[PDB]
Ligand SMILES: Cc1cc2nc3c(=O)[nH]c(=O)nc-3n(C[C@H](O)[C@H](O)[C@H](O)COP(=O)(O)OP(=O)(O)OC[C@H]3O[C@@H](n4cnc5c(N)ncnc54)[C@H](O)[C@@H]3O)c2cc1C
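Just the one chain here, the form deposited without flavin-adenine dinucleotide (FAD), laid out as structure tokens.
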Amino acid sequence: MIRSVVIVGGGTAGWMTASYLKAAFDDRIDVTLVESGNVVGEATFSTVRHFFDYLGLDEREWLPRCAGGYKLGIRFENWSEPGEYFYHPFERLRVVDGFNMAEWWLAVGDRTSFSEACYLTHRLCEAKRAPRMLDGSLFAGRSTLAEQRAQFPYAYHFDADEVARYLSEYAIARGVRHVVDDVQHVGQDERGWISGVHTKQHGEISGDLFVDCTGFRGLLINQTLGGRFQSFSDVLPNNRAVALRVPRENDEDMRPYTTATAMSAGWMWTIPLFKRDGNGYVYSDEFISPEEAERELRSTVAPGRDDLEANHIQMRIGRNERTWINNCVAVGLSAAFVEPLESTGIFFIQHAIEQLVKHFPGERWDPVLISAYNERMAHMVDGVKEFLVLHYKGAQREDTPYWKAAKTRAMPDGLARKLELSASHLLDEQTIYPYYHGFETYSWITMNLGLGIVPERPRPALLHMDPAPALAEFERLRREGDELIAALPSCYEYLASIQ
């Protein structure tokens, strides 16, 4: 057995890794986390619950401390018809007589948004409902993402810095050694493996396995071990962002969802926290400058509020060829990053950590096990990359240079067959990206249909079938929607009850 893990870098990636290792292995692993002093709101997947449940944490403990909110999905607005929107929900499509509701909607639906017809979540979001009743009841242990069965109906918005601080307390309580210091040199042995990290004030910190959580820097994985970073700039050019913290005047405006609003040269997130929104404009500097993007952001969400400070960021978009090199594993932005259009950041960290426990090394290091880990991590990001490019290709707007350039930009290899297929009929389990990338079929279909990649006609089988069962299911969805919105409290109301 190996004995010791050294994690370099804190934040979400570092403290998720530290807390998880201690939850998995307790006192059968030694963990040190080294982070520098020289260092906004985020969304998650519904599946982050597996992580928190694995640690033994309940949302009533941490969510309020972390300014938290509930996320029922993402509202996409202004990507195609001006002022139109639809939701991408944490909700699977129902299946009637062997065909999902999206297939039926093409045949017998009211061709308003697909999402209004097909998902309860649409109308919950329009009514701004919480996913729990005042008594805590939902409207609908140690496990991992692989144990996802039923689609859990919500995820979280939170201040990720507060979450990281919360997890640091947990991890340190469980025996993680916390060192605040700068790494001045990374030592290697004769095989090129990492032998230790040399710190300004704590000398050399050594261990069996090193975890690189140094973010875009990639201090270990790129700067030391020569890992090759593969940029996605050719297919996804957005390289910068500018963000604002906007206090909420009226509490009941709190949305139980993330919004992704297409802008002149990129898109804007709105992440509703308890008492404020975080807004961020993600853009390509080929088409707009930082000053212009700040101006557009401000005009949209906070006109006249020069008291509110903007924060500017540059992003490294892509993935490392391998995230595990020798005795070093990259987790978080050091490993890979895509723009947060589908809230994938925390998911990438979670899957990397859960798979690190699964592929944890013995004293005899195993190149076959390591290769399987590297393949899984590459598939994860590459699948998401393809899915994200389909957003830009499906968007129907062509009003600015950015949006015109989106139409004709290069695209991933596999995405041609998918676009070909999607002109004829809906994608399904067998024709979406075939390896685990955190999304299922309904997510691919929903973005296509919402944006406007629609099949030319409905599936011919449906013209031969009795439409009554499907029509009845559309009616059930409307009625269940009606009942749920009358019964549930608002997002703010519920959160306020648990503060």
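So that the term is clear: the rigid core is the largest set of C-alpha atoms that superpose within 1.5 Å between two forms. Heads up: residue numbers just count along the shown sequence, starting at 1. Only residues modelled in both forms are compared.
Note that the form deposited with flavin-adenine dinucleotide (FAD) bound isn't included here; everything after this is about it.
So which stretch, 42 to 50, 465 to 473, 56 to 64, 451 to 459, is the one near flavin-adenine dinucleotide (FAD) in the entry with it bound (non-hydrogen atoms, 4.5 Å)?
Only one stretch qualifies here: 42 to 50.
13, 337 and 346: each with a heavy atom within 4.5 Å of flavin-adenine dinucleotide (FAD) in the entry with it bound?
Verified in the entry with it bound; spot residues all in contact, yes.
Exactly one of 221, 271, 353, 124 has a non-hydrogen atom within 4.5 Å of flavin-adenine dinucleotide (FAD) in the entry with it bound; which residue is it?
After the contact test, the surviving option is 271.
Which listed residue (116, 428, 182, 162) meets the criterion of a heavy atom within 4.5 Å of flavin-adenine dinucleotide (FAD) in the entry with it bound?
Checked against the cut-off, the match is 182.
Residue 214 near flavin-adenine dinucleotide (FAD) in the entry with it bound, any heavy atom under 4.5 Å?
Yes, residue 214 sits close enough to flavin-adenine dinucleotide (FAD) in the entry with it bound that at least one of its heavy atoms falls within 4.5 Å.
Is there any non-hydrogen atom of residue 331 lying within 4.5 Å of flavin-adenine dinucleotide (FAD) in the entry with it bound?
Taking the distances in the entry with it bound, the answer for residue 331 is yes, it comes within 4.5 Å of flavin-adenine dinucleotide (FAD).
I'd like to check something about residue 5: if you look in the entry with it bound, is any of its heavy atoms closer than or equal to 4.5 Å to a heavy atom of flavin-adenine dinucleotide (FAD)?
So residue 5 does not count as contacting flavin-adenine dinucleotide (FAD).
Within 4.5 Å, heavy atoms only: does residue 29 come near flavin-adenine dinucleotide (FAD) in the entry with it bound?
Close contact is absent here: in the entry with it bound, residue 29 is far from flavin-adenine dinucleotide (FAD), nothing within 4.5 Å, heavy atoms only.
Of 152, 216, 193, 229, only one moves its C-alpha by 2 angstroms or more between this form and the one not shown once the rigid core is aligned, so tell me which.
Result of the superposition: 152 is the only one at 2 Å or more.
Spell out which consecutive segments of 3+ residues have Cα shifts of at least 2 angstroms at every position between this form and the one not shown, with the rigid core used for superposition.
After superposing the rigid core, the only shifted stretch between this form and the one not shown is 147 to 153.
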